[PDB]
2 protein chains.
Amino acid sequence: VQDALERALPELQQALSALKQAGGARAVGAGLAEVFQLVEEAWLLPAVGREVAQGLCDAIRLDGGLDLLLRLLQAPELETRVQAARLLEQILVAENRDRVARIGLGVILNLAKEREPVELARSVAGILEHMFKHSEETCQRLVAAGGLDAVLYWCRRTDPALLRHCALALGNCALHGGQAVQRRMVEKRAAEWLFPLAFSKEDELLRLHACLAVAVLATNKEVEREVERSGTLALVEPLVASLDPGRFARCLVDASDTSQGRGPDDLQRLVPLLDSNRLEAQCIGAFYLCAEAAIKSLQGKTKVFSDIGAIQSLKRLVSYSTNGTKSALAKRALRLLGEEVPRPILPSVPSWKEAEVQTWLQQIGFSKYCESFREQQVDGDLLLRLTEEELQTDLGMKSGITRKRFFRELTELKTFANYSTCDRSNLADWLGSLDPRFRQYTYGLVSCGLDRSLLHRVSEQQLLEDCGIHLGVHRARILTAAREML
Amino acid sequence: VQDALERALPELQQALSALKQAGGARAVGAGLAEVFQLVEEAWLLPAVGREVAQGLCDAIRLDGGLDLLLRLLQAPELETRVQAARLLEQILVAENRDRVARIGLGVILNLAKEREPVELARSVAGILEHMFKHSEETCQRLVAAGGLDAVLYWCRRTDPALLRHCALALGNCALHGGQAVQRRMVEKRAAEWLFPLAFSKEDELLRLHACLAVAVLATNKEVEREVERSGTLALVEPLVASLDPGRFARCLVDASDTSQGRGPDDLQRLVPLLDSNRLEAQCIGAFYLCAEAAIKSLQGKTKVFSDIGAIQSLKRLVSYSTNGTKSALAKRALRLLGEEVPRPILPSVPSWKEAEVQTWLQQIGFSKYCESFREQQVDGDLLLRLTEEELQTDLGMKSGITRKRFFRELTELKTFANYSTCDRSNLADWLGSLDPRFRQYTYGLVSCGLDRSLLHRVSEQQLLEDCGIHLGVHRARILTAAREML
Ligand SMILES: NC(=O)c1ccc[n+]([C@@H]2O[C@H](COP(=O)(O)O)[C@@H](O)[C@H]2O)c1
Ligand SMILES: NC(=O)c1ccc[n+]([C@@H]2O[C@H](COP(=O)(O)O)[C@@H](O)[C@H]2O)c1
């Protein structure tokens, strides 16, 4: 409904005109307070708050509002500077951020150099946290300047809002920033600086943000060991298992800085954490996704989770996981969205009998082919070695699209299977080290007698014909990794 | 209707004969005024104006009119010179344009060196603006002479007509002139001289012309950064969102110099702006096309927009855009033409389910194949990897022409899709940097595991068989770009 937007925009235009007509500090402050009140009311509006606040932010984007606020932020009087930053913190949506990045970068960097004032420090922390979510080159230039060191410095204060903003900034730059940024931060010692925040006990939100930042940093293998040595990473898993997503979701809605929740593009960034191969990362990602699902289901906008790929990852995590806390979090999140909860698939595929194959077929939605699979007595050994011709002629999958879907399911089963009963040289982990999506080839190599001590003598033709590696890219990568003597 | 033409020609011939019989300044001026009054009466004629004035121009082209006017323009007396230039400004249609370029170029260049007179300067500005629309070699020779410097020099005056003519000339040379001319102008500092014109407030038409010129200059990436640093470019988008195309279209019709609008070849040059990849360029192009549509629909000549490819571009811009001002302008322009407005297509193709595919199929006009697609359960993942054989055998597109049409649609969907859920190494932007028509290949590479850090080791056979790049030209270009270490 745009009725709130239609009502609010006249008032916003009048306030902007008055601010443009403000020739002194008093009028400037009055106009800034008026516009801040107008935008805050929209940000706290139930259900339609985001759209009817992005509308006013877009309006301010036009009419020269952003440039006027920046110029006021350059004003000699700090009393106006603080209010200008206060308003600039609550408007930096993507459309209002790209302009600031093109124009307003640098001036804010220099302004951040005043590390003494508390209100200015808080507002500037807001600006930086909301700015680190721009393209990775913006992160490069921000870290090159004193922004990263500045937030590093503010980390040692006590007022809660500044610490929470610093933690949010650290998480945002850990996520959006590139691998170089994360390595740079680790060399900056930023991982160790978060330990007091995570171990603190004043607020649970600050601890959650610190754990998120440290986990996202730890996902990167290049610096995983030193990050773990900080000791804060081990504090992640115990924290999530105790907190309740509903209570954590009940919060973030009584507050104003997050009353409306998390956007579609900030949820896209968290989804990969469910695929991070790191237990703490998956746990914290599942916790955050559960909280955001709790918020959005109340907002009645759960469709976003489908467009992001979160439901698929949650179902896969439920199926192919052995831990308890992350499985429970994923199951609760799936139930919140009103989606089904897959039953766990026992991982020892090579030791599967007919019944297991029938159950798996019924799970993946190929129940039309249960009779054909049962007639031919396809078991785990015969399933892991199935081919296109055997699918087409013997099992009866004539349509090539259906066969592609079946192989798409079987590749996920292969990647997330357990080959302990087959490979005694632990060849699955070596393949997973290069790229996790190479773990599907374990059974291909193992059944041919290959081991870690025989790989360096293999050839591309043997991999193509005997081990059944079809894609040339994977063949070349495996050969290059093997010819370096494992 | 040629009745106006048939009436007008006898008078034009009598006036031309009288001018040829003019032996002094007074008779020359009288004949020039008569012919000027005649051509102007035709130019301001509703609906048929353009044709019945082009006929008078062809009449003048023959009978030695153009050579006579040029010789008068060489007359020692400036009183006759100004009128000769005044009449030469209003007759330079393409047929009358090429002749002057072959013959009358150079003399006009020298005459332009009279920077002091106001009337002569105005007429020369008109001549130069209407001449810069000749082949790019004519632009090269004009810039080599003092024409570009002369117009930049007149840009610093105040009389409105001269400034408007200079802005129009600069826009015309930016559009018709080659990339070398644009680079030359940027090095000439031509971008910066436009800032006062765009920031002016006396007339909105001058600001619009300056914004058009600067945007067309900025489309060229080689000089985009320095052009943006001028500061005028950022003033483009705020301007269009406030002006009304109808009022702007209502103007340019009360004026004689544009009473008839823009021609079929001056619109073909604006249409490429909708594909410029620059937000300001697309916004200004959409605004201009909307204004011209408003004019031509009143003239009842909207067919031209189909012959130019403007409707296809407008529909594509409406479908695959996220901005508000340009989308609104495109929708209004489409509605003026009496054409349909496509509903937006959500860009996250990889995350599509069956319903999204059915909607897309119904949009593109392949609703006859909805049942076949639904039966085979084609979704975004299977849609982005569809082939000729699967289309033919499994889905049932027997006619090769229909399959070519379908792939024509799918390639546009692929280029304008959002692969954020797939590519964490942001490989789409690298492909789009070489040529935007390569962004279609993103999902082809990504699904094979390739990244920016693995491209330099790929081979042509891998790009052909695995990544599915059929055209050899694109394969060679991609390999050459990758082997230079990204
Ligand atoms: N994301 C929210 O729930 C929320 C709530 C209230 C205000 N805001 C403001 O919105 C801006 C950030 O917008 P997005 O992060 O949604 O792009 C900031 O100025 C912030 O202060 C966001
Ligand atoms: N394009 C118009 O709407 C228009 C209107 C009146 C006169 N003219 C004259 O026609 C000539 C340009 O012709 P075209 O723009 O059709 O190529 C110039 O001499 C100009 O003064 C053009």
# chains A, B, ... in the order shown; residues from 1 in each chain; ligands from 1

call {"tool": "select_by_dssp", "arguments": {"residues": "region 187-416 of chain A", "states": "helix (DSSP H, G or I)", "output": "PyMOL selection string"}}
result
chain A and resi 187-188+190-193+195-199+204-218+221-229+233-242+245-250+264-275+279-299+303-308+310-319+325-336+349-351+354-363+367-375+380-383+388-395+400-415

call {"tool": "write_last_selection", "arguments": {"atoms": "C-alpha atoms", "output": "short mmCIF file (atom, residue, chain, number, x, y, z; two decimals), in the first residue's frame"}}
result
data_model
loop_
_atom_site.label_atom_id
_atom_site.label_comp_id
_atom_site.auth_asym_id
_atom_site.auth_seq_id
_atom_site.Cartn_x
_atom_site.Cartn_y
_atom_site.Cartn_z
CA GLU A 187 47.30 -9.87 9.25
CA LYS A 188 45.83 -6.74 10.86
CA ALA A 190 41.42 -8.13 13.66
CA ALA A 191 40.52 -11.72 14.57
CA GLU A 192 42.08 -11.40 18.06
CA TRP A 193 40.40 -7.98 18.68
CA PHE A 195 37.63 -12.10 21.38
CA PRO A 196 36.64 -9.68 24.20
CA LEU A 197 33.43 -8.89 22.31
CA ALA A 198 32.40 -12.53 21.88
CA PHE A 199 33.37 -13.37 25.47
CA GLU A 204 23.84 -11.27 23.41
CA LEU A 205 23.48 -9.38 20.11
CA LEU A 206 27.08 -8.15 20.27
CA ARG A 207 28.31 -11.68 20.97
CA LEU A 208 26.27 -13.01 18.04
CA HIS A 209 27.69 -10.38 15.69
CA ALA A 210 31.25 -11.08 16.82
CA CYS A 211 30.75 -14.83 16.36
CA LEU A 212 29.33 -14.23 12.88
CA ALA A 213 32.32 -12.10 11.90
CA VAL A 214 34.90 -14.53 13.27
CA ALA A 215 33.19 -17.54 11.67
CA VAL A 216 32.96 -15.85 8.27
CA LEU A 217 36.64 -14.98 8.59
CA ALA A 218 37.50 -18.56 9.57
CA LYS A 221 41.24 -21.80 4.74
CA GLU A 222 44.33 -19.64 4.13
CA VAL A 223 43.98 -18.10 7.61
CA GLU A 224 41.81 -20.70 9.33
CA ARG A 225 44.55 -21.96 11.65
CA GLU A 226 45.64 -18.58 13.03
CA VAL A 227 42.00 -17.50 13.34
CA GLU A 228 41.27 -20.64 15.37
CA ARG A 229 44.31 -20.02 17.57
CA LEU A 233 36.09 -19.44 17.22
CA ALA A 234 35.64 -22.33 19.65
CA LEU A 235 33.17 -20.09 21.53
CA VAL A 236 30.76 -20.05 18.56
CA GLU A 237 29.09 -23.46 18.77
CA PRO A 238 28.29 -23.36 22.53
CA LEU A 239 26.62 -19.96 22.10
CA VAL A 240 24.09 -20.92 19.43
CA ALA A 241 22.98 -24.12 21.17
CA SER A 242 21.76 -22.10 24.17
CA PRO A 245 15.97 -18.02 17.70
CA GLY A 246 12.46 -16.90 18.60
CA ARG A 247 13.68 -14.69 21.44
CA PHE A 248 16.52 -13.46 19.22
CA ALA A 249 13.88 -12.88 16.53
CA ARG A 250 11.58 -11.16 19.10
CA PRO A 264 16.99 -9.90 0.20
CA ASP A 265 20.65 -9.26 -0.71
CA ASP A 266 21.99 -9.54 2.89
CA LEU A 267 20.20 -12.94 3.17
CA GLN A 268 21.83 -14.07 -0.12
CA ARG A 269 25.23 -13.46 1.57
CA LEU A 270 24.46 -15.69 4.59
CA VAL A 271 23.18 -18.67 2.57
CA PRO A 272 26.70 -19.88 1.57
CA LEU A 273 27.55 -20.26 5.27
CA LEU A 274 25.42 -23.42 5.21
CA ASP A 275 27.92 -24.71 2.61
CA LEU A 279 30.86 -26.55 11.63
CA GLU A 280 30.74 -23.17 13.38
CA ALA A 281 29.97 -21.33 10.13
CA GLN A 282 27.07 -23.66 9.33
CA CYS A 283 25.71 -23.43 12.88
CA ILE A 284 25.76 -19.63 12.97
CA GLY A 285 24.35 -19.35 9.45
CA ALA A 286 21.49 -21.69 10.33
CA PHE A 287 20.79 -19.69 13.49
CA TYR A 288 20.65 -16.40 11.59
CA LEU A 289 18.49 -17.88 8.84
CA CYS A 290 16.11 -19.28 11.46
CA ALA A 291 15.81 -15.88 13.14
CA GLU A 292 15.24 -14.12 9.82
CA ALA A 293 12.64 -16.73 8.86
CA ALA A 294 10.87 -16.09 12.16
CA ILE A 295 10.79 -12.37 11.35
CA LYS A 296 9.73 -12.73 7.71
CA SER A 297 6.99 -15.29 8.37
CA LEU A 298 5.40 -12.72 10.67
CA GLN A 299 5.97 -10.16 7.91
CA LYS A 303 8.89 -16.19 -0.72
CA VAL A 304 12.30 -14.45 -0.51
CA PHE A 305 13.82 -17.62 0.97
CA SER A 306 12.93 -19.56 -2.18
CA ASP A 307 14.45 -16.99 -4.55
CA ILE A 308 17.72 -17.12 -2.58
CA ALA A 310 18.00 -21.12 1.27
CA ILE A 311 15.35 -23.86 1.34
CA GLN A 312 17.41 -26.19 -0.85
CA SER A 313 20.48 -25.72 1.33
CA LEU A 314 18.47 -26.21 4.53
CA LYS A 315 16.95 -29.45 3.24
CA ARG A 316 20.36 -30.73 2.13
CA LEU A 317 21.81 -29.82 5.53
CA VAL A 318 19.02 -31.72 7.27
CA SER A 319 19.52 -34.78 5.05
CA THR A 325 22.50 -28.25 17.03
CA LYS A 326 22.68 -27.31 13.35
CA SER A 327 20.26 -30.09 12.38
CA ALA A 328 17.77 -28.87 14.99
CA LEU A 329 18.14 -25.26 13.84
CA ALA A 330 17.65 -26.23 10.19
CA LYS A 331 14.60 -28.36 10.98
CA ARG A 332 13.00 -25.56 12.99
CA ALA A 333 13.74 -23.08 10.20
CA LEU A 334 12.18 -25.39 7.61
CA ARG A 335 9.08 -25.84 9.77
CA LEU A 336 8.80 -22.06 10.18
CA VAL A 349 25.95 -45.91 0.06
CA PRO A 350 28.35 -48.71 -1.02
CA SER A 351 26.70 -51.03 1.52
CA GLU A 354 17.52 -52.87 -2.52
CA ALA A 355 15.38 -51.43 0.29
CA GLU A 356 17.72 -48.47 0.78
CA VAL A 357 17.69 -47.74 -2.95
CA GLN A 358 13.89 -47.84 -3.01
CA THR A 359 13.70 -45.45 -0.05
CA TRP A 360 16.16 -43.03 -1.66
CA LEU A 361 14.25 -43.18 -4.95
CA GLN A 362 11.03 -42.32 -3.12
CA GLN A 363 12.80 -39.44 -1.36
CA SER A 367 8.99 -43.09 -7.34
CA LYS A 368 7.74 -43.82 -10.86
CA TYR A 369 10.91 -45.89 -11.44
CA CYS A 370 10.86 -47.95 -8.23
CA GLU A 371 9.47 -50.99 -10.06
CA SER A 372 12.14 -50.90 -12.77
CA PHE A 373 14.96 -50.44 -10.25
CA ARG A 374 13.64 -53.29 -8.09
CA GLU A 375 13.23 -55.63 -11.07
CA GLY A 380 24.45 -49.42 -3.87
CA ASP A 381 27.35 -50.89 -5.83
CA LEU A 382 25.32 -50.92 -9.05
CA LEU A 383 23.82 -47.50 -8.28
CA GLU A 388 23.45 -43.09 -19.31
CA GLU A 389 22.95 -46.19 -21.54
CA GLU A 390 21.92 -48.38 -18.58
CA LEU A 391 19.46 -45.68 -17.49
CA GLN A 392 18.02 -45.39 -21.00
CA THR A 393 17.81 -48.96 -22.29
CA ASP A 394 17.62 -51.13 -19.15
CA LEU A 395 15.83 -48.95 -16.57
CA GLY A 400 17.12 -36.91 -21.63
CA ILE A 401 15.89 -34.20 -19.27
CA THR A 402 14.71 -36.83 -16.79
CA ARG A 403 18.13 -38.50 -17.02
CA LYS A 404 19.86 -35.17 -16.35
CA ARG A 405 17.65 -34.68 -13.28
CA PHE A 406 18.47 -38.20 -12.07
CA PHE A 407 22.20 -37.64 -12.50
CA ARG A 408 21.81 -34.28 -10.76
CA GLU A 409 20.41 -36.13 -7.74
CA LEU A 410 22.98 -38.92 -7.93
CA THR A 411 25.90 -36.47 -8.01
CA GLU A 412 24.68 -34.90 -4.72
CA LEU A 413 24.36 -38.35 -3.22
CA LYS A 414 27.88 -39.21 -4.41
CA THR A 415 29.40 -36.03 -2.98
#

call {"tool": "residues_around", "arguments": {"residues": "region 418-423 of chain A", "least_positions_apart": "5", "cutoff": "9 Å", "atoms": "only C-alpha atoms", "output": "compact mmCIF listing (two decimals) with N, CA, C and O atoms, in the first residue's frame"}}
result
# COMPACT_ATOMS: atom_id res chain seq x y z
N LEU A 346 21.04 -42.35 5.37
CA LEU A 346 22.21 -43.00 5.93
C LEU A 346 23.33 -42.99 4.90
O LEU A 346 23.09 -43.30 3.73
N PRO A 347 24.56 -42.64 5.29
CA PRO A 347 25.56 -42.27 4.28
C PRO A 347 26.31 -43.43 3.64
O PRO A 347 26.91 -43.23 2.58
N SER A 348 26.28 -44.62 4.23
CA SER A 348 27.06 -45.73 3.69
C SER A 348 26.43 -46.25 2.41
O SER A 348 25.84 -47.33 2.40
N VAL A 349 26.56 -45.49 1.32
CA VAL A 349 25.95 -45.91 0.06
C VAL A 349 26.51 -47.24 -0.43
O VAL A 349 25.72 -48.10 -0.84
N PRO A 350 27.82 -47.48 -0.42
CA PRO A 350 28.35 -48.71 -1.02
C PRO A 350 27.76 -49.97 -0.41
O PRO A 350 27.76 -51.03 -1.05
N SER A 351 27.26 -49.88 0.82
CA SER A 351 26.70 -51.03 1.52
C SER A 351 25.18 -51.05 1.48
O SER A 351 24.54 -51.57 2.40
N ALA A 428 39.12 -40.10 -0.44
CA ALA A 428 38.03 -39.14 -0.57
C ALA A 428 38.45 -37.76 -0.08
O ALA A 428 38.12 -36.74 -0.71
N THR A 442 35.28 -40.34 -5.90
CA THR A 442 35.98 -41.33 -5.09
C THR A 442 35.74 -42.74 -5.59
O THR A 442 36.67 -43.44 -6.01
N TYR A 443 34.48 -43.18 -5.57
CA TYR A 443 34.17 -44.55 -5.95
C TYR A 443 34.63 -44.87 -7.37
O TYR A 443 34.89 -46.04 -7.67
N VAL A 446 38.46 -45.59 -6.71
CA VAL A 446 38.74 -46.67 -5.76
C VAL A 446 38.46 -48.03 -6.39
O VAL A 446 39.24 -48.97 -6.23
N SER A 447 37.35 -48.15 -7.12
CA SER A 447 37.00 -49.42 -7.73
C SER A 447 37.99 -49.84 -8.81
O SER A 447 37.97 -51.01 -9.22
N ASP A 451 45.17 -45.52 -5.65
CA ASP A 451 45.39 -45.04 -4.29
C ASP A 451 46.22 -43.77 -4.35
O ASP A 451 46.62 -43.32 -5.43

call {"tool": "residues_near_ligand", "arguments": {"ligand": "ligand 1", "cutoff": "7 Å", "atoms": "only C-alpha atoms and all ligand atoms", "output": "MDAnalysis selection string"}}
result
chainID A and resid 43 88:94 130 256:263

call {"tool": "write_last_selection", "arguments": {"atoms": "C-alpha atoms", "output": "PDB file, in the first residue's frame"}}
result
ATOM      1  CA  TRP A  43      11.111   2.443   9.269  1.00  0.00           C
ATOM      2  CA  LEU A  88      22.945   9.886   6.857  1.00  0.00           C
ATOM      3  CA  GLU A  89      23.168   6.633   8.849  1.00  0.00           C
ATOM      4  CA  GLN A  90      19.445   5.874   8.489  1.00  0.00           C
ATOM      5  CA  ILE A  91      19.204   6.362   4.700  1.00  0.00           C
ATOM      6  CA  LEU A  92      22.091   4.425   3.111  1.00  0.00           C
ATOM      7  CA  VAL A  93      20.097   2.016   0.956  1.00  0.00           C
ATOM      8  CA  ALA A  94      21.852   0.725  -2.181  1.00  0.00           C
ATOM      9  CA  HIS A 130      26.372   0.313   6.159  1.00  0.00           C
ATOM     10  CA  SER A 256      14.487   0.577  15.375  1.00  0.00           C
ATOM     11  CA  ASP A 257      17.845  -0.007  13.655  1.00  0.00           C
ATOM     12  CA  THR A 258      16.516  -3.408  12.584  1.00  0.00           C
ATOM     13  CA  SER A 259      12.732  -3.173  13.157  1.00  0.00           C
ATOM     14  CA  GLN A 260      12.077  -4.313   9.546  1.00  0.00           C
ATOM     15  CA  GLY A 261      14.572  -7.171   9.381  1.00  0.00           C
ATOM     16  CA  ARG A 262      17.214  -8.120   6.840  1.00  0.00           C
ATOM     17  CA  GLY A 263      17.006  -7.455   3.118  1.00  0.00           C
TER      18      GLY A 263
END

call {"tool": "closest_residue", "arguments": {"among": "A:321, A:135, A:158, A:459", "to": "chain B", "atoms": "only C-alpha atoms"}}
result
A:135

call {"tool": "closest_residue", "arguments": {"among": "B:46, B:104, B:55, B:10", "to": "residue 67 (chain B)", "atoms": "only C-alpha atoms"}}
result
B:104

call {"tool": "residues_around", "arguments": {"residues": "residue 85 (chain B)", "least_positions_apart": "3", "cutoff": "9 Å", "atoms": "only C-alpha atoms", "output": "list in words"}}
result
residues 69, 70, 73, 80, 81, 82, 88, 89, 90, 120, 123, 124, 126 and 127 of chain B

call {"tool": "residues_around", "arguments": {"residues": "residue 181 (chain B)", "least_positions_apart": "4", "cutoff": "9 Å", "atoms": "only C-alpha atoms", "output": "PyMOL selection string"}}
result
chain B and resi 136+139-140+143+173-174+177+185-186

call {"tool": "write_last_selection", "arguments": {"atoms": "N, CA, C and O atoms", "output": "PDB file, in the first residue's frame"}}
result
ATOM      1  N   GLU B 136      31.603  10.496 -40.627  1.00  0.00           N
ATOM      2  CA  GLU B 136      32.565  10.802 -39.572  1.00  0.00           C
ATOM      3  C   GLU B 136      33.834  11.440 -40.122  1.00  0.00           C
ATOM      4  O   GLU B 136      34.538  12.141 -39.387  1.00  0.00           O
ATOM      5  N   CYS B 139      33.221  15.017 -39.862  1.00  0.00           N
ATOM      6  CA  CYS B 139      33.496  15.474 -38.505  1.00  0.00           C
ATOM      7  C   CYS B 139      34.988  15.607 -38.226  1.00  0.00           C
ATOM      8  O   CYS B 139      35.423  16.561 -37.571  1.00  0.00           O
ATOM      9  N   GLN B 140      35.784  14.654 -38.713  1.00  0.00           N
ATOM     10  CA  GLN B 140      37.229  14.717 -38.514  1.00  0.00           C
ATOM     11  C   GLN B 140      37.808  15.985 -39.127  1.00  0.00           C
ATOM     12  O   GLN B 140      38.612  16.683 -38.497  1.00  0.00           O
ATOM     13  N   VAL B 143      36.725  19.124 -37.133  1.00  0.00           N
ATOM     14  CA  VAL B 143      37.461  19.300 -35.885  1.00  0.00           C
ATOM     15  C   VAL B 143      38.906  19.690 -36.168  1.00  0.00           C
ATOM     16  O   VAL B 143      39.509  20.468 -35.420  1.00  0.00           O
ATOM     17  N   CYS B 173      27.881  16.234 -32.875  1.00  0.00           N
ATOM     18  CA  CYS B 173      29.224  15.718 -33.106  1.00  0.00           C
ATOM     19  C   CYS B 173      29.560  14.567 -32.171  1.00  0.00           C
ATOM     20  O   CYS B 173      30.308  13.665 -32.564  1.00  0.00           O
ATOM     21  N   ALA B 174      29.029  14.576 -30.945  1.00  0.00           N
ATOM     22  CA  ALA B 174      29.215  13.435 -30.057  1.00  0.00           C
ATOM     23  C   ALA B 174      28.544  12.188 -30.618  1.00  0.00           C
ATOM     24  O   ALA B 174      29.105  11.089 -30.547  1.00  0.00           O
ATOM     25  N   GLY B 177      29.887  11.768 -34.748  1.00  0.00           N
ATOM     26  CA  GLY B 177      31.331  11.648 -34.801  1.00  0.00           C
ATOM     27  C   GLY B 177      31.808  10.320 -34.248  1.00  0.00           C
ATOM     28  O   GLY B 177      31.170   9.712 -33.385  1.00  0.00           O
ATOM     29  N   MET B 185      37.659  15.475 -28.409  1.00  0.00           N
ATOM     30  CA  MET B 185      36.909  16.471 -27.651  1.00  0.00           C
ATOM     31  C   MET B 185      37.174  16.416 -26.155  1.00  0.00           C
ATOM     32  O   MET B 185      37.309  17.457 -25.502  1.00  0.00           O
ATOM     33  N   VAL B 186      37.236  15.211 -25.587  1.00  0.00           N
ATOM     34  CA  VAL B 186      37.534  15.101 -24.161  1.00  0.00           C
ATOM     35  C   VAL B 186      38.902  15.702 -23.867  1.00  0.00           C
ATOM     36  O   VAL B 186      39.071  16.471 -22.914  1.00  0.00           O
TER      37      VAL B 186
END

call {"tool": "residues_around", "arguments": {"residues": "residue 172 (chain B)", "least_positions_apart": "6", "cutoff": "7 Å", "atoms": "only C-alpha atoms", "output": "PyMOL selection string"}}
result
chain B and resi 129+132-133

call {"tool": "write_last_selection", "arguments": {"atoms": "N, CA and C atoms", "output": "PDB file, in the first residue's frame"}}
result
ATOM      1  N   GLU B 129      25.987  23.031 -36.545  1.00  0.00           N
ATOM      2  CA  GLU B 129      25.212  21.979 -35.897  1.00  0.00           C
ATOM      3  C   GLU B 129      24.548  21.091 -36.940  1.00  0.00           C
ATOM      4  N   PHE B 132      27.482  18.903 -38.706  1.00  0.00           N
ATOM      5  CA  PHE B 132      28.200  17.868 -37.917  1.00  0.00           C
ATOM      6  C   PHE B 132      27.510  16.507 -38.072  1.00  0.00           C
ATOM      7  N   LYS B 133      26.371  16.458 -38.770  1.00  0.00           N
ATOM      8  CA  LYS B 133      25.632  15.210 -38.917  1.00  0.00           C
ATOM      9  C   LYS B 133      25.963  14.514 -40.234  1.00  0.00           C
TER      10      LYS B 133
END

call {"tool": "atom_distance", "arguments": {"atom1": "CA of residue 84 (chain A)", "atom2": "CA of residue 40 (chain A)"}}
result
14.6 Å

call {"tool": "residues_around", "arguments": {"residues": "residue 79 (chain B)", "least_positions_apart": "6", "cutoff": "12 Å", "atoms": "only C-alpha atoms", "output": "ChimeraX atom specification"}}
result
/B:24-26,28-29,32,72-73,85-86,117,119-120

call {"tool": "write_last_selection", "arguments": {"atoms": "N, CA and C atoms", "output": "PDB file, in the first residue's frame"}}
result
ATOM      1  N   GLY B  24      21.977  44.127 -57.100  1.00  0.00           N
ATOM      2  CA  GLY B  24      22.445  44.958 -56.012  1.00  0.00           C
ATOM      3  C   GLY B  24      22.065  44.362 -54.674  1.00  0.00           C
ATOM      4  N   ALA B  25      22.526  45.021 -53.609  1.00  0.00           N
ATOM      5  CA  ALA B  25      22.270  44.521 -52.262  1.00  0.00           C
ATOM      6  C   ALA B  25      20.780  44.521 -51.942  1.00  0.00           C
ATOM      7  N   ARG B  26      20.062  45.567 -52.356  1.00  0.00           N
ATOM      8  CA  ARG B  26      18.645  45.673 -52.016  1.00  0.00           C
ATOM      9  C   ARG B  26      17.841  44.538 -52.642  1.00  0.00           C
ATOM     10  N   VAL B  28      18.998  41.683 -53.759  1.00  0.00           N
ATOM     11  CA  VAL B  28      19.457  40.434 -53.159  1.00  0.00           C
ATOM     12  C   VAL B  28      18.733  40.188 -51.843  1.00  0.00           C
ATOM     13  N   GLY B  29      18.679  41.209 -50.988  1.00  0.00           N
ATOM     14  CA  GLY B  29      18.001  41.057 -49.713  1.00  0.00           C
ATOM     15  C   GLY B  29      16.520  40.778 -49.873  1.00  0.00           C
ATOM     16  N   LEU B  32      16.137  37.163 -51.002  1.00  0.00           N
ATOM     17  CA  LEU B  32      16.463  36.265 -49.902  1.00  0.00           C
ATOM     18  C   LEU B  32      15.340  36.232 -48.876  1.00  0.00           C
ATOM     19  N   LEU B  72      26.728  34.360 -52.585  1.00  0.00           N
ATOM     20  CA  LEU B  72      26.326  35.504 -51.768  1.00  0.00           C
ATOM     21  C   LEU B  72      26.986  35.464 -50.395  1.00  0.00           C
ATOM     22  N   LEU B  73      27.067  34.280 -49.786  1.00  0.00           N
ATOM     23  CA  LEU B  73      27.769  34.153 -48.514  1.00  0.00           C
ATOM     24  C   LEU B  73      29.230  34.560 -48.639  1.00  0.00           C
ATOM     25  N   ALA B  85      23.471  33.312 -44.777  1.00  0.00           N
ATOM     26  CA  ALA B  85      23.658  32.279 -43.765  1.00  0.00           C
ATOM     27  C   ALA B  85      22.339  31.911 -43.097  1.00  0.00           C
ATOM     28  N   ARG B  86      21.462  32.894 -42.881  1.00  0.00           N
ATOM     29  CA  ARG B  86      20.157  32.617 -42.295  1.00  0.00           C
ATOM     30  C   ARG B  86      19.358  31.647 -43.152  1.00  0.00           C
ATOM     31  N   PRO B 117      30.680  39.159 -34.501  1.00  0.00           N
ATOM     32  CA  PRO B 117      29.275  39.450 -34.815  1.00  0.00           C
ATOM     33  C   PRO B 117      28.342  38.431 -34.179  1.00  0.00           C
ATOM     34  N   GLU B 119      24.765  37.985 -35.092  1.00  0.00           N
ATOM     35  CA  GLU B 119      23.904  37.330 -36.073  1.00  0.00           C
ATOM     36  C   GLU B 119      24.692  36.332 -36.913  1.00  0.00           C
ATOM     37  N   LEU B 120      25.876  36.735 -37.377  1.00  0.00           N
ATOM     38  CA  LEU B 120      26.708  35.825 -38.154  1.00  0.00           C
ATOM     39  C   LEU B 120      27.124  34.624 -37.316  1.00  0.00           C
TER      40      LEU B 120
END

call {"tool": "residues_around", "arguments": {"residues": "residue 42 (chain A)", "least_positions_apart": "6", "cutoff": "10 Å", "atoms": "only C-alpha atoms", "output": "PyMOL selection string"}}
result
chain A and resi 4-5+8+48-56+260

call {"tool": "atom_distance", "arguments": {"atom1": "CA of residue 466 (chain A)", "atom2": "CA of residue 397 (chain A)"}}
result
24.0 Å

call {"tool": "atom_distance", "arguments": {"atom1": "CA of residue 109 (chain A)", "atom2": "CA of residue 138 (chain A)"}}
result
12.2 Å
